[PDB]
């Protein structure tokens, strides 16, 4: 129903700007976790994360993800990451992906940012909107680094292989794409304010 549904299809079915999972998790996270050490890196218990999935699948916007039901905020960051992991077409789509990697390869910061802007335009509206919202939230997470120890680089490690998927099968290129995907995430968080 919710998890593993196509992003565009889900938001069209609900007439919302972005999935309830995304808005609800980010709200919970921002209310109780911006200063929590290792936010997004630290795993909550896998089974409790599965349970959150089961709840959204069953109840949609009615799902209970409160501190009462799940004390550890890393269960919620876990649920949100799983949500993007479960997308049939990833947040940064197969189609748009090459333009993001193109941007990652550029050495000049300004031309790199320009190409990143163009890559964003290639995403379908629902993908662009969810990514925008995510990136605003991730920026806030990094502003709390003194407390949470997370910066754009650290978050790029976590999010790089979740938001994007490499089609490549070739050892040097594979390791390269992993680093490029992390850089794409880092640039998106850092420059969210001027890219969206």
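Residue numbers count along the first chain shown, from 1.
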| property | result |
| --- | --- |
| Per the entry, higher mean C-alpha B factor between 91-99 and 106-114 | 106-114 |
| Mean temperature factor over C-alpha atoms, higher-scoring stretch between 64-72 and 48-56 | 64-72 |
| Selection from 21, 178, 10, 185 [criterion: highest C-alpha temperature factor in the record] | 10 |
| Lowest, middle or highest third - CA B-factor, residue 31 | highest |
| B-factor third for the C-alpha atom of residue 42 within its chain | middle |
| Position of residue 189 among the chain's modelled residues by C-alpha B-factor, lowest, middle or highest third | lowest |
| Entry-reported Cα temperature factor of residue 125, expressed as the chain third it lands in | highest |
| Residue 132 by Cα B-factor - lowest, middle or highest third of the modelled chain | middle |
